[PDB]
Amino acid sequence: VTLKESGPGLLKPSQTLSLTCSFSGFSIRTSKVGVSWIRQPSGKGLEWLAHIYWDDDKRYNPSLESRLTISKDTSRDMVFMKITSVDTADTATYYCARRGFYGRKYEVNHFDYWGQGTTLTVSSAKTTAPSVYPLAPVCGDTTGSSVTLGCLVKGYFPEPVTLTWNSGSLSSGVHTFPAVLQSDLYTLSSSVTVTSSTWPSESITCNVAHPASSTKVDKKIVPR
């Protein structure tokens, strides 16, 4: 038994989301399993959206129901979800979950199989290259035994970027933070901590690639 969700990946606000869940390894028709859609918004837990029974009866979460339509095509072994008028808050991973049971105990049902999910980001942005900015300390903050440097990767779309330090040779003492979507664009940052004897006497460079915009930028961290 496998479940596979498909979705557009990116939408602009106000568009309609069309999701598909495709089942393998059993028959929706024969099994009479119910199917739900469940989502996980960015930085939140799980939320149940909608469920469809074998006979096409449906149930919805009132919080979103007015925007939701669930449907199925048994002959294709597929279940569908439409969500109208998407906006930023619909940025989430969408899971298809089978409400299976061990035969023939229809009443002892539960979400036994979940797919890998399909992620959606909702943004008005077109492809946008990041601005990459070196973060050097003020002079007072370079008097100790270590120094922390950083790199700010601001205002790009879509994900991902790849950030490395000295072309990947500098890996210890690095913290690269997950990207965050805000005002329709992503921002990411990374810090690296090295000995005071290392920098600024040796060079430290942030390397940033954003494949969607075909950009690659190296920013040397230079003392103020």
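When you see a residue number, it is the position in the sequence shown, counting from 1.
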Report summary line: With B-factors read from the PDB entry, the higher C-alpha mean of 133-141 and 94-102 is in 133-141
**Report entry** Given 194-202 and 178-186, the range whose Cα B-factors average higher in the PDB entry
**Finding:** 194-202
Query raised in the report: Hey, out of 168, 34, 62, 173, whose CA B-factor is highest in the deposited coordinates?
Result: 168
**Report entry** Out of 29, 39, 67, 51, residue topping the C-alpha B-factor column of the entry
**Finding:** 29
Report task. Within this chain's modelled residues, let me know which third the CA B factor of residue 22 belongs to: lowest, middle or highest. Result -> middle
Report task. Rank-wise, by C-alpha B-factor, drop residue 110 into the lowest, middle or highest third of its chain. Result -> lowest
Requested in this report: Place residue 119 in the lowest, middle or highest third of its chain's C-alpha B-factors, as listed in the PDB entry.
Outcome: middle
Requested in this report: Please rank the C-alpha B-factors of the chain's modelled residues and tell me whether residue 75 sits in the lowest, middle or highest third.
Outcome: highest
Query raised in the report: C-alpha B factor of residue 128, ranked within the chain: lowest, middle or highest third?
Result: middle
